[PDB]
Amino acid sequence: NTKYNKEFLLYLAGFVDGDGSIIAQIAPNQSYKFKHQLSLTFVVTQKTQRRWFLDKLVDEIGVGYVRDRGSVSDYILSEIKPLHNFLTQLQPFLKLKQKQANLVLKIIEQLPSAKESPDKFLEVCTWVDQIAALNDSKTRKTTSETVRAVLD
C-alpha cells in the first residue's frame, strides 16, 4: 500500500480528468461461475511520442504498465488491490470522474460478495452500467440486462 504525495495526486487527478479513463466492463467468459468476468481498469492514454509520461506514471504509481497500440499508447492498471489503494487516494481530487472512481471502489469492495450470489453479481453489474453512463460510452454491448437473461 503505497502512500502518494498530494501534489502528485492533484496534478494526476487533473490529467486523469482530461485524458484518463476509469472503466468497468462485464466480459462474457464461459470459464467464470456466472459466465462473465467483472473487469475494472484505470487508463491514461497519450500519443506514443509522449510515452515517457506514461512510463513515468508506472514508476510513480509503482504498479501497472504501458502498452503501445501504434500512434497511441496507454498506461494500464488492473490489479484490484493496487487499484483500490490508488483510486482511494486520487478520488477526492477528481472533478469529472470522481463518481465512476467511487463506483469502481465500491465494486472492488463487493467482489467477494458478488461471487457468492447471482443477485449480488447482478447488483454489481448494475454498478457497472452507471459508470458507463457517466462516461462518454459509445460501443458498449454487455450490460447487466445482458447478464440477467443468462438466468435459468
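Numbering starts at 1 and follows the sequence shown.
- For the pair 96 to 104 and 54 to 62, the record assigns the higher mean C-alpha temperature factor to 54 to 62.
- Look at the mean CA B-factor for 127 to 135 and for 18 to 26 in the entry; the higher one is 127 to 135.
- The entry lists C-alpha B-factors for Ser39, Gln110, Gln91, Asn85, and the highest of these is at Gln110.
- Sorting the modelled residues of the chain by their CA temperature factor places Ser117 in the highest third.
- In the deposited entry, the Cα temperature factor of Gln49 sits in the middle third of values across the chain's modelled residues.
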